[PDB]
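# Commentary on secondary and tertiary structure
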Amino acid sequence: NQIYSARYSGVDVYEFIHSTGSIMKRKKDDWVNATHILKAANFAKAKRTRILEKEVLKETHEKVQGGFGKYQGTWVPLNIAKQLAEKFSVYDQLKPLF
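Deposited coordinates in this entry are attributed by the record to X-ray crystallography, at a stated resolution of 2.1 Å.

In the annotation of the PDB entry, the protein is listed under the name MLU1-BOX BINDING PROTEIN and assigned to Saccharomyces cerevisiae. This structure appears in the PDB under the title "MBP1 FROM SACCHAROMYCES CEREVISIAE".

In structure tokens:
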């Protein structure tokens with residue numbers, strides 16, 4: 001259940017190596033990349049954008065666009081990431097990172 005310490009574009013993170021890709025938690029504030037959670041539920045790109053674009057973008061978040069490929073995406077507070085994960089029942093796999 002490999003969790004490493006990493007840094008991308010000035011941001012320090014914890015990176016959980018999941019089967020579907022790396023999932024990231026930011027060390028400064030415990031926000032979690034909601035695009036990674038959605039990739040962990042096996043959602044394809046257009047579906048990820050719709051779920052982003054309905055749900056997530058109406059609550060607190062930051063839309064990271066522009067740099068390292070695996071850092072990019074929509075980031076949200078820890079409690080909203082846990083909700084999403086539980087909503088698409090990926091909560092138990094990402095527990096180690098949470």
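## Looking at the pattern of salt bridges
The tally for this structure, following the rule as stated, stands at 5 salt bridges. Among the salt bridges present, the one from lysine 70 reaches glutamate 15, with a minimum N-O distance of 3.2 Å. With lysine 70 in the loop between β5 (62-64) and β6 (73-76) and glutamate 15 in strand β2 (residues 11-18), the pair connects residues that are 55 residues apart, well separated along the chain. Residue classification places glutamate 15 among the buried residues on the basis of a relative accessible area of 7%. One continuous salt-bridge network, built from bridges that share partners, spans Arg26, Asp29 and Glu62.

## With respect to the UniProt feature "DNA-binding region" in the protein
The sites that carry the UniProt feature "DNA-binding region" are, in the present numbering, residues 34-55. As annotated, residues 34-55 comprises 73% helix and 0% strand, and the C-alpha atoms at either end are separated by 11 Å.

## Focus: the pairing of strand β3 (residues 21-26)
One face of the sheet, then the other: side chains in a regular strand alternate in exactly this way. In terms of burial, β3 is a largely internal element, 5 of the 6 residues being buried. Bridge analysis of β2 against β3 gives 6 bridges, and the strand direction is antiparallel. Across the sheet, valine 13 pairs through a bridge with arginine 26, a residue of β3. Adjacent in sequence and paired antiparallel, β2 and β3 are bridged by 2 residues.

## A few points about the packing of aromatic side chains
For the structure shown, the criterion picks out 4 aromatic pairs. Both rings, one in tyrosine 71 and one in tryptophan 75, keep their centres 4.8 Å apart while their planes meet at 35°; by these two values the pair is tilted. Exposure class is identical for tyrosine 71 and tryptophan 75. Each is buried. Between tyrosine 91 and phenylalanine 98, the aromatic rings sit 5.9 Å apart at their centres with planes inclined by 50°, giving tilted as the arrangement. By relative accessible area, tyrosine 91 is classed as partly exposed at 25%.

Rules and cut-offs
- Shown numbers run from 1 along every chain as its sequence is written, which may differ from how the entry numbers residues; residues without coordinates are omitted from display.
- The side-chain quantities take in all heavy atoms of the structure and omit both hydrogens and water.
- Residues with missing side-chain atoms are left out of burial classes, side-chain pairs and their counts.
- The working definition used for a salt bridge is a side-chain nitrogen of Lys or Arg within 4 Å of a carboxyl oxygen of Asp or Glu.
- Secondary structure is summarised from DSSP: a helix means a run of H or I of at least four residues, a strand means a run of E of at least two, and numbering begins at the N terminus for each.
- The buried label applies to any residue whose accessible area, calculated with a 1.4 Å probe on protein chains only, is under 20% of its type's maximum; exposed applies above 50%, and partly exposed to all values in between.
- UniProt positions are given in the numbering used here, feature names are shortened, and annotations may be inferred rather than shown by experiment.
- Following DSSP output, two strands are said to pair if at least two bridges run between them.
- The pairing test for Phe, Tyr and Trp rings, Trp by its six-membered ring, is centres within 6.5 Å, and the orientation test on the planes gives stacked under 30 degrees, edge-to-face over 60, and tilted for anything in between.

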